[PDB]
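A.B. asks: input_35.cif (mmCIF, C-alpha atoms) pasted underneath:
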```cif
data_model
loop_
_atom_site.label_atom_id
_atom_site.label_comp_id
_atom_site.auth_asym_id
_atom_site.auth_seq_id
_atom_site.Cartn_x
_atom_site.Cartn_y
_atom_site.Cartn_z
CA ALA A 1 -25.88 -46.09 227.35
CA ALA A 2 -28.26 -44.08 225.14
CA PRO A 3 -29.52 -40.47 225.37
CA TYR A 4 -33.19 -39.86 226.15
CA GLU A 5 -35.19 -36.70 226.89
CA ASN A 6 -35.86 -35.78 230.50
CA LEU A 7 -39.19 -34.04 229.77
CA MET A 8 -41.02 -31.86 232.28
CA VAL A 9 -44.62 -32.25 231.12
CA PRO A 10 -47.14 -29.88 232.77
CA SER A 11 -50.06 -31.53 234.59
CA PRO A 12 -52.68 -28.82 235.15
CA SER A 13 -54.80 -31.39 237.06
CA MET A 14 -52.00 -32.10 239.59
CA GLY A 15 -50.71 -28.50 239.63
CA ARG A 16 -47.07 -29.37 238.84
CA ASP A 17 -44.71 -30.57 236.10
CA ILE A 18 -44.21 -34.34 235.88
CA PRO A 19 -40.77 -35.75 234.96
CA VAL A 20 -41.17 -38.07 231.95
CA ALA A 21 -38.29 -40.06 230.45
CA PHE A 22 -38.91 -40.09 226.69
CA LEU A 23 -37.09 -41.99 223.94
CA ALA A 24 -38.52 -41.17 220.52
CA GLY A 25 -38.93 -44.21 218.28
CA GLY A 26 -42.22 -43.73 216.41
CA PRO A 27 -45.76 -42.30 216.59
CA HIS A 28 -46.95 -45.02 219.04
CA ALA A 29 -45.52 -45.38 222.54
CA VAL A 30 -45.39 -47.75 225.49
CA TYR A 31 -46.10 -46.02 228.82
CA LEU A 32 -44.11 -47.68 231.63
CA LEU A 33 -45.62 -47.47 235.13
CA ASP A 34 -43.59 -47.97 238.31
CA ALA A 35 -44.13 -50.15 241.39
CA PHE A 36 -45.49 -48.69 244.66
CA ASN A 37 -42.16 -47.21 245.85
CA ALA A 38 -41.82 -45.31 242.57
CA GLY A 39 -38.79 -43.18 241.75
CA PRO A 40 -39.68 -39.52 242.49
CA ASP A 41 -37.42 -38.02 239.77
CA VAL A 42 -36.56 -40.94 237.45
CA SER A 43 -38.77 -44.00 236.91
CA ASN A 44 -37.38 -47.25 238.30
CA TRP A 45 -38.14 -48.70 234.84
CA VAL A 46 -35.16 -46.68 233.55
CA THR A 47 -32.70 -47.55 236.34
CA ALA A 48 -33.68 -51.03 237.63
CA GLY A 49 -35.92 -52.04 234.71
CA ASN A 50 -33.32 -51.50 231.97
CA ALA A 51 -36.14 -50.15 229.80
CA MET A 52 -34.23 -47.96 227.33
CA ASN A 53 -31.74 -50.72 226.46
CA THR A 54 -34.48 -53.34 226.12
CA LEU A 55 -36.87 -51.31 223.94
CA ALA A 56 -34.57 -49.05 221.85
CA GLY A 57 -34.54 -49.36 218.06
CA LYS A 58 -37.82 -51.32 217.80
CA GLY A 59 -40.00 -48.65 216.13
CA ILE A 60 -41.98 -47.49 219.18
CA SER A 61 -41.48 -44.61 221.63
CA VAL A 62 -40.80 -45.17 225.34
CA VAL A 63 -42.55 -43.01 227.95
CA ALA A 64 -41.81 -43.40 231.68
CA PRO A 65 -43.41 -40.87 234.06
CA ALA A 66 -41.84 -40.42 237.50
CA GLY A 67 -43.28 -39.28 240.83
CA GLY A 68 -46.26 -41.64 241.08
CA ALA A 69 -45.37 -43.45 244.32
CA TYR A 70 -48.23 -44.90 246.40
CA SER A 71 -50.89 -43.64 243.96
CA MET A 72 -52.32 -46.68 242.08
CA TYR A 73 -51.85 -44.35 239.05
CA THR A 74 -55.46 -43.20 239.56
CA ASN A 75 -57.40 -40.02 240.37
CA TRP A 76 -57.75 -39.50 244.13
CA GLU A 77 -61.00 -38.05 245.49
CA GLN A 78 -59.21 -36.14 248.27
CA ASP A 79 -55.67 -35.62 246.92
CA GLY A 80 -55.23 -33.01 244.18
CA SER A 81 -51.55 -33.95 243.75
CA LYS A 82 -52.60 -37.47 242.65
CA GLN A 83 -54.65 -37.20 239.44
CA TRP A 84 -52.87 -39.89 237.46
CA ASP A 85 -55.84 -41.19 235.47
CA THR A 86 -56.34 -37.72 233.99
CA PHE A 87 -52.62 -37.20 233.40
CA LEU A 88 -51.87 -40.58 231.81
CA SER A 89 -55.08 -40.86 229.76
CA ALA A 90 -55.37 -37.23 228.60
CA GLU A 91 -52.78 -34.61 229.57
CA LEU A 92 -49.68 -36.66 228.70
CA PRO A 93 -50.85 -38.14 225.35
CA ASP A 94 -52.24 -34.71 224.37
CA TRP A 95 -48.91 -33.08 225.23
CA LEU A 96 -46.94 -35.69 223.26
CA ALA A 97 -49.26 -35.29 220.27
CA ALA A 98 -48.89 -31.49 220.39
CA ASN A 99 -45.16 -31.29 221.17
CA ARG A 100 -43.46 -34.52 219.99
CA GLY A 101 -45.66 -35.59 217.04
CA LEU A 102 -47.02 -38.82 218.53
CA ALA A 103 -50.38 -40.35 217.61
CA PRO A 104 -53.31 -39.66 219.97
CA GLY A 105 -54.05 -43.35 220.53
CA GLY A 106 -53.12 -46.97 219.87
CA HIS A 107 -50.47 -46.89 222.59
CA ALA A 108 -49.39 -49.50 225.16
CA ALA A 109 -49.38 -49.26 228.95
CA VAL A 110 -47.16 -51.67 230.90
CA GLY A 111 -46.36 -51.76 234.60
CA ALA A 112 -45.44 -53.64 237.76
CA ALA A 113 -47.41 -53.79 241.05
CA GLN A 114 -49.48 -50.56 241.19
CA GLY A 115 -48.33 -49.99 237.60
CA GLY A 116 -49.80 -53.34 236.57
CA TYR A 117 -53.15 -52.28 237.99
CA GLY A 118 -52.70 -48.88 236.34
CA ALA A 119 -51.95 -50.28 232.89
CA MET A 120 -55.00 -52.56 232.89
CA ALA A 121 -57.31 -49.82 234.23
CA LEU A 122 -56.11 -47.31 231.63
CA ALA A 123 -56.86 -49.67 228.73
CA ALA A 124 -60.20 -50.77 230.19
CA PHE A 125 -61.63 -47.27 230.59
CA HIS A 126 -59.66 -45.49 227.82
CA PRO A 127 -59.42 -47.98 224.90
CA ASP A 128 -59.10 -45.01 222.53
CA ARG A 129 -55.69 -44.23 224.09
CA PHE A 130 -54.36 -47.72 224.86
CA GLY A 131 -54.74 -50.82 222.68
CA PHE A 132 -52.30 -52.84 224.83
CA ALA A 133 -52.12 -53.41 228.61
CA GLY A 134 -49.34 -55.39 230.29
CA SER A 135 -49.25 -56.22 234.01
CA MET A 136 -46.45 -57.80 236.06
CA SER A 137 -47.28 -58.79 239.65
CA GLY A 138 -50.30 -56.49 239.35
CA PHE A 139 -53.19 -55.86 241.72
CA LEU A 140 -55.81 -56.41 239.02
CA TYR A 141 -58.78 -56.96 241.39
CA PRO A 142 -58.32 -54.18 244.00
CA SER A 143 -62.00 -54.02 245.09
CA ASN A 144 -61.89 -57.71 246.07
CA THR A 145 -62.89 -58.29 249.68
CA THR A 146 -59.45 -59.33 251.02
CA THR A 147 -57.49 -57.20 248.54
CA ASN A 148 -58.99 -53.79 249.38
CA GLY A 149 -58.13 -54.24 253.06
CA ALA A 150 -54.64 -55.43 252.11
CA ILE A 151 -54.01 -52.44 249.82
CA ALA A 152 -55.19 -50.02 252.53
CA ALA A 153 -52.92 -51.63 255.13
CA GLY A 154 -49.85 -51.71 252.89
CA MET A 155 -50.35 -48.17 251.56
CA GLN A 156 -50.41 -46.87 255.15
CA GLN A 157 -47.44 -49.00 256.27
CA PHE A 158 -45.06 -48.20 253.40
CA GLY A 159 -46.53 -44.98 251.98
CA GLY A 160 -48.06 -43.32 255.05
CA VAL A 161 -51.28 -42.60 253.11
CA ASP A 162 -54.99 -43.31 253.64
CA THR A 163 -56.76 -45.01 250.70
CA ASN A 164 -60.14 -43.71 251.93
CA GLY A 165 -58.99 -40.51 250.20
CA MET A 166 -58.36 -42.46 246.97
CA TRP A 167 -61.72 -44.08 246.11
CA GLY A 168 -63.66 -43.46 249.34
CA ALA A 169 -64.22 -46.00 252.11
CA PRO A 170 -64.54 -49.38 250.32
CA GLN A 171 -67.98 -50.01 251.90
CA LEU A 172 -69.41 -47.21 249.71
CA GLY A 173 -68.67 -49.42 246.68
CA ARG A 174 -66.62 -47.03 244.52
CA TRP A 175 -63.49 -49.25 244.37
CA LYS A 176 -65.50 -51.36 241.89
CA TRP A 177 -65.72 -48.35 239.52
CA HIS A 178 -61.97 -48.42 238.84
CA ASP A 179 -61.54 -52.22 238.90
CA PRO A 180 -60.40 -54.09 235.73
CA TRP A 181 -61.55 -57.48 237.13
CA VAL A 182 -65.04 -56.06 237.68
CA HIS A 183 -64.98 -54.45 234.23
CA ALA A 184 -63.09 -57.21 232.40
CA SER A 185 -65.94 -57.20 229.84
CA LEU A 186 -64.68 -53.82 228.58
CA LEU A 187 -61.23 -55.28 227.90
CA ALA A 188 -62.69 -58.37 226.18
CA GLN A 189 -65.13 -56.60 223.84
CA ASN A 190 -62.75 -53.73 222.95
CA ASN A 191 -60.29 -56.50 221.94
CA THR A 192 -57.47 -54.96 223.97
CA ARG A 193 -54.25 -56.96 223.76
CA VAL A 194 -53.71 -58.03 227.38
CA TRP A 195 -50.49 -59.49 228.79
CA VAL A 196 -50.45 -60.77 232.36
CA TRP A 197 -47.42 -62.13 234.21
CA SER A 198 -47.46 -63.25 237.83
CA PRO A 199 -45.54 -66.07 239.56
CA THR A 200 -47.51 -68.47 241.79
CA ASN A 201 -45.42 -67.46 244.82
CA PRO A 202 -45.57 -64.31 247.03
CA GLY A 203 -41.80 -63.69 247.23
CA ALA A 204 -40.82 -60.01 247.07
CA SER A 205 -37.14 -59.02 247.35
CA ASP A 206 -38.24 -55.42 247.95
CA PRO A 207 -41.40 -55.55 250.13
CA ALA A 208 -42.18 -51.84 249.62
CA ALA A 209 -42.51 -52.38 245.85
CA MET A 210 -45.43 -54.77 246.52
CA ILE A 211 -46.55 -52.94 249.70
CA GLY A 212 -45.97 -56.20 251.59
CA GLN A 213 -48.96 -57.83 249.88
CA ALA A 214 -47.51 -59.81 246.97
CA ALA A 215 -49.86 -62.71 247.81
CA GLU A 216 -52.83 -60.52 246.83
CA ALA A 217 -51.23 -59.57 243.48
CA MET A 218 -50.68 -63.29 242.89
CA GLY A 219 -54.34 -64.09 243.56
CA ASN A 220 -55.66 -61.04 241.70
CA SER A 221 -53.78 -61.99 238.53
CA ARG A 222 -55.04 -65.59 238.64
CA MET A 223 -58.62 -64.43 239.22
CA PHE A 224 -58.33 -61.86 236.42
CA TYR A 225 -57.30 -64.63 234.00
CA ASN A 226 -60.40 -66.68 234.88
CA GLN A 227 -62.70 -63.64 234.75
CA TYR A 228 -61.30 -62.41 231.43
CA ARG A 229 -61.83 -65.81 229.78
CA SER A 230 -65.34 -66.14 231.25
CA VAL A 231 -66.52 -62.80 229.77
CA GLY A 232 -65.35 -63.83 226.28
CA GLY A 233 -61.79 -62.48 226.26
CA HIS A 234 -59.67 -63.97 223.46
CA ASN A 235 -56.74 -61.57 222.88
CA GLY A 236 -54.63 -62.37 225.94
CA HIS A 237 -51.26 -63.81 226.87
CA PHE A 238 -51.03 -65.28 230.37
CA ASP A 239 -47.99 -66.71 232.16
CA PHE A 240 -48.00 -68.05 235.73
CA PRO A 241 -44.53 -69.50 236.44
CA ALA A 242 -43.94 -71.41 239.70
CA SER A 243 -40.69 -69.57 240.48
CA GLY A 244 -39.76 -65.90 240.11
CA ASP A 245 -39.51 -62.80 242.28
CA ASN A 246 -42.22 -60.15 242.51
CA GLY A 247 -39.55 -57.52 241.93
CA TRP A 248 -37.15 -56.00 239.40
CA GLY A 249 -35.04 -59.17 239.05
CA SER A 250 -37.99 -60.68 237.15
CA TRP A 251 -39.70 -57.55 235.80
CA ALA A 252 -36.69 -56.34 233.80
CA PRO A 253 -36.23 -59.58 231.78
CA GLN A 254 -40.04 -59.87 231.43
CA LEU A 255 -40.12 -56.53 229.57
CA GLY A 256 -37.74 -58.10 227.05
CA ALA A 257 -39.99 -61.17 226.79
CA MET A 258 -43.11 -59.13 225.97
CA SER A 259 -41.33 -56.55 223.77
CA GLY A 260 -42.13 -58.35 220.52
CA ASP A 261 -45.78 -58.56 221.57
CA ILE A 262 -45.94 -54.82 222.35
CA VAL A 263 -44.44 -53.93 218.96
CA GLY A 264 -46.78 -56.32 217.13
CA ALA A 265 -49.77 -54.71 218.83
CA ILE A 266 -49.00 -50.97 218.45
CA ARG A 267 -46.56 -50.61 215.51
#
```
Using structure tokens, write down the structure that the file contains.

C.D. replies:
Amino acid sequence: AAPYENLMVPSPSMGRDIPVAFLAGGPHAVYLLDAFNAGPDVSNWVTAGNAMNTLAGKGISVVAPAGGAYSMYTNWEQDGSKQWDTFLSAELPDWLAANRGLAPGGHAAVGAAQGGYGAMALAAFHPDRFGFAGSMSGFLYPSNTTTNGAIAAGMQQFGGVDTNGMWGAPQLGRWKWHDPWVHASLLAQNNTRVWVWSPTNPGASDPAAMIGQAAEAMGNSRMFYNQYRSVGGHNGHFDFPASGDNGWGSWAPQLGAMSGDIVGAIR
């Protein structure tokens, strides 16, 4: 199809090298973040998401880190092997600036499911690094009453992991710290380009990809749209189609649909 670099980027914070698929195309990049059952060695964005074909030759780099399954692409309080906020917001962009000549900031983050959450959280709390956040079937309001219980249940069922070790027990209130719904005001006032896609049905061809809780991603995305507008957000694109799978059958073509918007934002 098209050669790309299979980078092994050191993550001092996680204590191992992270596989990162990298297609050079310019100083600014789009970081692609996997669904919950993420490819350990190669991102599902490359294989099922058709990312390199869709985005090649458009004047931006493509960056797709692997190995982030059942992580919410965040820093875990009790898991040293899951420090994805530090890696994605600091170690990776610093490595690419030092070793592949990319700009420090003005990048895009785009993802599905946990990757949709991850993209929105990265831009909210690190606007210096990401001027664009795109979310497909994303859990954009994880601290929500029903959602936090749903994420905990699904992460244990499909991933065998305890989310108490991620952001503490949710009763302690720290899930709100990392929540882009709660901190939608950051996204609005920083003028981040936001792109949100979520069908108004809970269908998921691969249940593990949505940890069996696609209905919560559906509701989270709708509530994020209302919250974003209510805090003065005015640089967003929202699409809530009646039909469509919460899975790669829809996510792959949706990357093509938003590609022009990514390029307009970061190149």

A.B. asks: Got a sec to resolve the PyMOL selection byres ((chain A and resi 2) around 12) on this structure and send the residues as a list in words?

C.D. replies: residues 1, 3, 4, 5, 22, 23, 24, 46, 50, 51, 52, 53, 54, 55, 56 and 57 of chain A

A.B. asks: Run the PyMOL selection byres ((chain A and resi 253) around 12) against the file shown and list the residues it catches, as a JSON list (two decimals) with C-alpha atoms, keeping the file's coordinate frame.

C.D. replies:
```json
[["chain", "number", "residue", "atom", "x", "y", "z"],
["A", 45, "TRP", "CA", -38.14, -48.70, 234.84],
["A", 48, "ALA", "CA", -33.68, -51.03, 237.63],
["A", 49, "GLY", "CA", -35.92, -52.04, 234.71],
["A", 50, "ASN", "CA", -33.32, -51.50, 231.97],
["A", 51, "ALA", "CA", -36.14, -50.15, 229.80],
["A", 53, "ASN", "CA", -31.74, -50.72, 226.46],
["A", 54, "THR", "CA", -34.48, -53.34, 226.12],
["A", 55, "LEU", "CA", -36.87, -51.31, 223.94],
["A", 136, "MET", "CA", -46.45, -57.80, 236.06],
["A", 197, "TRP", "CA", -47.42, -62.13, 234.21],
["A", 244, "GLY", "CA", -39.76, -65.90, 240.11],
["A", 245, "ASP", "CA", -39.51, -62.80, 242.28],
["A", 247, "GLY", "CA", -39.55, -57.52, 241.93],
["A", 248, "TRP", "CA", -37.15, -56.00, 239.40],
["A", 249, "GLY", "CA", -35.04, -59.17, 239.05],
["A", 250, "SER", "CA", -37.99, -60.68, 237.15],
["A", 251, "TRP", "CA", -39.70, -57.55, 235.80],
["A", 252, "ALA", "CA", -36.69, -56.34, 233.80],
["A", 254, "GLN", "CA", -40.04, -59.87, 231.43],
["A", 255, "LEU", "CA", -40.12, -56.53, 229.57],
["A", 256, "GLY", "CA", -37.74, -58.10, 227.05],
["A", 257, "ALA", "CA", -39.99, -61.17, 226.79],
["A", 258, "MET", "CA", -43.11, -59.13, 225.97],
["A", 259, "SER", "CA", -41.33, -56.55, 223.77]]
```

A.B. asks: Taking 3 positions as the minimum chain separation for residues in the same chain, which residues sit within 8 Å of residue 202 of chain A when counting all atoms listed in the file? Answer as a ChimeraX atom specification.

C.D. replies: /A:199,213-215,218,245-246

A.B. asks: Find the spatial neighbours of segment 219-222 of chain A, counting all atoms listed in the file, within a cut-off of 9 Å - ignore same-chain residues fewer than 5 positions away - and output them as a JSON list (two decimals) with C-alpha atoms, in the frame of the given file.

C.D. replies:
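Output (result-v9.json):
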```json
[["chain", "number", "residue", "atom", "x", "y", "z"],
["A", 135, "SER", "CA", -49.25, -56.22, 234.01],
["A", 136, "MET", "CA", -46.45, -57.80, 236.06],
["A", 137, "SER", "CA", -47.28, -58.79, 239.65],
["A", 138, "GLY", "CA", -50.30, -56.49, 239.35],
["A", 139, "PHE", "CA", -53.19, -55.86, 241.72],
["A", 140, "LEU", "CA", -55.81, -56.41, 239.02],
["A", 141, "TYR", "CA", -58.78, -56.96, 241.39],
["A", 142, "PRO", "CA", -58.32, -54.18, 244.00],
["A", 144, "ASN", "CA", -61.89, -57.71, 246.07],
["A", 147, "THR", "CA", -57.49, -57.20, 248.54],
["A", 181, "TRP", "CA", -61.55, -57.48, 237.13],
["A", 196, "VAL", "CA", -50.45, -60.77, 232.36],
["A", 197, "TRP", "CA", -47.42, -62.13, 234.21],
["A", 198, "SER", "CA", -47.46, -63.25, 237.83],
["A", 200, "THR", "CA", -47.51, -68.47, 241.79],
["A", 214, "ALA", "CA", -47.51, -59.81, 246.97],
["A", 227, "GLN", "CA", -62.70, -63.64, 234.75],
["A", 240, "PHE", "CA", -48.00, -68.05, 235.73]]
```

A.B. asks: Which residues, written as a ChimeraX atom specification, have at least one atom at most 12 Å from residue 134 of chain A, with all atoms listed in the file counted and residues fewer than 6 positions away on the same chain left out?

C.D. replies: /A:30-33,107-124,140,192-198,221,236-239,251,254-255,257-259,261-262,265

A.B. asks: Rank nothing, just name the residue among A:69, A:64, A:223, A:155 nearest to residue 39 of chain A, using only C-alpha atoms.

C.D. replies: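 Between A:69, A:64, A:223, A:155, the residue approaching residue 39 of chain A most closely is A:69.
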
A.B. asks: Please provide as a PyMOL selection string all residues within 8 Å of segment 170-172 of chain A, with the sequence filter that same-chain residues fewer than 4 positions apart are discarded (counting only C-alpha atoms).

C.D. replies: chain A and resi 143+148+164

A.B. asks: Which of these residues is nearest to residue 37 of chain A, using all atoms listed in the file: A:145, A:157, A:163, A:13?

C.D. replies: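 Once distances to residue 37 of chain A are computed over all atoms listed in the file, the minimum belongs to A:157.
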
A.B. asks: Can you tell me, as AutoDock Vina command-line options, the centre and edge lengths (Å, one decimal) of the axis-aligned box enclosing all of segment 126-136 of chain A's listed atoms after padding each side by 3 Å?

C.D. replies:
```
--center_x -53.1 --center_y -51.0 --center_z 229.3 --size_x 19.2 --size_y 19.6 --size_z 19.5
```

A.B. asks: Taking all atoms listed in the file into account, name the residue in A:41, A:34, A:128, A:206 that is nearest to residue 19 of chain A.

C.D. replies: A:41

A.B. asks: Atom CA of residue 9 of chain A and atom CA of residue 162 of chain A, how far apart in Å?

C.D. replies: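 Computed distance, atom CA of residue 162 of chain A to atom CA of residue 9 of chain A, equals 27.1 Å.
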
A.B. asks: State, in Å with one decimal place, the distance from atom CA of residue 132 of chain A to atom CA of residue 60 of chain A.

C.D. replies: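 Rounded to one decimal, the two atoms are 12.9 Å apart.
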
A.B. asks: Using all atoms listed in the file, which of the listed residues (A:154, A:160, A:10, A:260) sits closest to residue 93 of chain A?

C.D. replies: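 Going through A:154, A:160, A:10, A:260 one by one, the smallest distance to residue 93 of chain A is for A:10.
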